[PDB]
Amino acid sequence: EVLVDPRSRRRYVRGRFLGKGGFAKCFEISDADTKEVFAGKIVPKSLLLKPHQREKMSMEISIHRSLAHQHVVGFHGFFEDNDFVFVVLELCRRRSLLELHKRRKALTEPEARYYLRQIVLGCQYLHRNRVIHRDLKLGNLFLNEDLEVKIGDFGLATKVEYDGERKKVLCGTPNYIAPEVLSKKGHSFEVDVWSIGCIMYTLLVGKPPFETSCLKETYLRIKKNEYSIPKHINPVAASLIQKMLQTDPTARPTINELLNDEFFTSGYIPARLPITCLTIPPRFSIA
């Protein structure tokens, strides 16, 4: 019920349940002194009996704590007792792109541009810091009160240690999983750009690129590149999706190139979005 840090002498009440991912149960929490409000991932040690498991949890924190950016969920601290691990993160009051997508389905182009821009800004930061998220999806992309985007859940993230490194395995299963991970051909940064492609598609279209009833049939399509963009999607968008969803990872654009695509440069990107837009499609009228 209460959660105490020895080293910082800070105590947090446990509030409402938000969700679960991996071994973590995540709750809204508040500091007993400042009444300031946080997001609290609570991982049971009962599930970290094995070294391999313990190291991932330990890597997650190492990576997350190394991060400070406008579009990355703010890291605030960690502590433990004998039974549980406790990680304290920024609370994103307006949930995630995933909830938005289930309420609104396909968004308008300029909403997509807005979110997409922020996502690519968060990811540019990661990549310049030699970090690959490896699991970017709508459920990961969080929204603060101003509907600003915060990348979260670093539990599949890896740090690149040397130039031209090719990671050989990925422990766990990403949602928008790159074809080169599936083919166990080795992988690096292009997996995040891959995911963004799927996310762009999903925001513009109202459903994921490669969906089927069998995950393993989905995996099949991802290998064969079997997906179509409907004809009502704009061809400047279509070009981008197509660019980002390429089997050959050397062909896909880097994160730093993406904001200089016609799709951002010759299209309208809102400075901000109103709350209304959580539920009602913004027409963007001139007055």
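In this text, residue numbers run from 1 along the sequence as written.
When 169-177 is weighed against 73-81, 73-81 comes out higher, by mean CA B-factor as recorded in the entry. Between 112-120 and 85-93, the higher mean Cα B-factor belongs to 85-93. As recorded in the PDB entry, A32 shows the highest C-alpha B-factor of the residues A32, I241, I63, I222. Annotation for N260: C-alpha temperature factor in the highest third relative to the rest of the modelled chain, per the entry. In the deposited entry, the Cα temperature factor of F154 sits in the bottom third of values across the chain's modelled residues. The PDB entry assigns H133 a C-alpha temperature factor belonging to the lowest third of its chain's modelled residues. Compared with the other modelled residues of the chain, the Cα B-factor recorded for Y125 ranks in the middle third.
When the modelled residues of the chain are ordered by their C-alpha B factor, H101 lands in the lowest third.
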